[PDB]
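Shown here is one chain on its own, the form deposited in one PDB entry, set out as structure tokens.
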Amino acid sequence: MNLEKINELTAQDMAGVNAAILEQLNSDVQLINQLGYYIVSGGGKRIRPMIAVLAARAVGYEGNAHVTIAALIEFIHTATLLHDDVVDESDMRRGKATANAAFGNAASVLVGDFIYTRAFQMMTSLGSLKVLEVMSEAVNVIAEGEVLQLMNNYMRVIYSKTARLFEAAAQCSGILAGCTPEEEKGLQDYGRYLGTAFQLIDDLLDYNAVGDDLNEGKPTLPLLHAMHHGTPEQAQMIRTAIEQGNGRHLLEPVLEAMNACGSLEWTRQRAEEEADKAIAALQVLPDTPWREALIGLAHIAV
């Protein structure tokens, strides 16, 4: 299945997920709603929620509570973006100025706490202690990972950073609809694998398909492959740039190093094998359009 067939299949729900989000920017404190609208109305992508809504429909759910969990997951994602931009001192989040550049760090961090606690209130309103423990652990696991990276297998770094919230989204959505243990492990895995592939792609896309990863010598897979399989000269450069935590102005020779050792595609067929495990793990679920839709997002990812 492809994009528009999914944008239309899931059109009604996602519209509700969208109203559910904006509905909670309720504060009497205007700065909260301002900064909120500013960041959630910048395009986004809505995959995590789309995965949430799909996971539910795929297991027979016919209610509208999956619309609320998908919405709170987006708020969570939103909150980590707000804090990440303050931490990474970013002034650009594709297109416009980050919330911090436009509102200030304080507001950005404080509004993200509002948004995160509100999502938490939304979960408690769902009354499932299991969804609460799964979700609270994933977010904490993310938070801890970010602290580690701050004071310093890179598949461990992205699992925590990205894959884990995907895992939670699909799984918790399943628990909420009242899925089966086999359907829960299935959905949970789809999320973990699609999340890993989502991130791998992302890192490979930072190298102009921006440029931030190298600028600060991030140990991404694309960069790590080039190092090992390139010339000792290209290899030395990449290595010191990482030890230096700075690869500014080293983009061209770096590319040449990749476009020669096939590091940029050795990374795509790494996310391609993760996207696979994802579609496989969905064997369990009942053959519904909702599933072939999930199967869709998997292929589209890479």
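One rule holds for the numbers: they count along the sequence shown, beginning at 1. C-alpha atoms forming the largest set that superposes within 1.5 Å between two forms make up the rigid core.
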property	result
Unmodelled deposited residues between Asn152 and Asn153, binned	4 to 9
32-40 set against 236-244, stretch whose average Cα temperature factor tops the other in the entry	236-244
Stretch with the greater mean C-alpha B-factor as recorded in the entry, comparing 13-21 against 277-285	277-285
Selection from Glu182, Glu167, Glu146, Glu137 [criterion: highest C-alpha temperature factor in the record]	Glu182
Residue of maximum C-alpha B factor among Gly217, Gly127, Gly95, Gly191, per deposited coordinates	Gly95
Modelled-residue ranking by C-alpha temperature factor, third containing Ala70	lowest
Position of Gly195 among the chain's modelled residues by C-alpha B-factor, lowest, middle or highest third	middle
Record-listed C-alpha B factor of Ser27: chain third	lowest
Where the record places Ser108 (Cα B-factor, split into thirds across the chain)	lowest
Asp213 - Cα temperature factor, lowest/middle/highest third of chain	middle
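Heads up, the form deposited in another entry isn't pictured, but that's what we're talking about next.
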| property | result |
| --- | --- |
| Listed options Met50, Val254, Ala275, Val40; Cα moving by 2 angstroms or more between this form and the one not shown (core superposition) | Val40 |
| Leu31: Cα shift of 2 Å or greater between this form and the one not shown (core-aligned) | yes |
| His229: Cα shift of 2 Å or greater between this form and the one not shown (core-aligned) | yes |
| Comparison of CA distance in that other deposited form with shown form for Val17, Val40, at least 3 Å | closer |
| Direction of the Cα shift between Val40 and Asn140 in that other deposited form, where the change is 3 Å or more | farther |
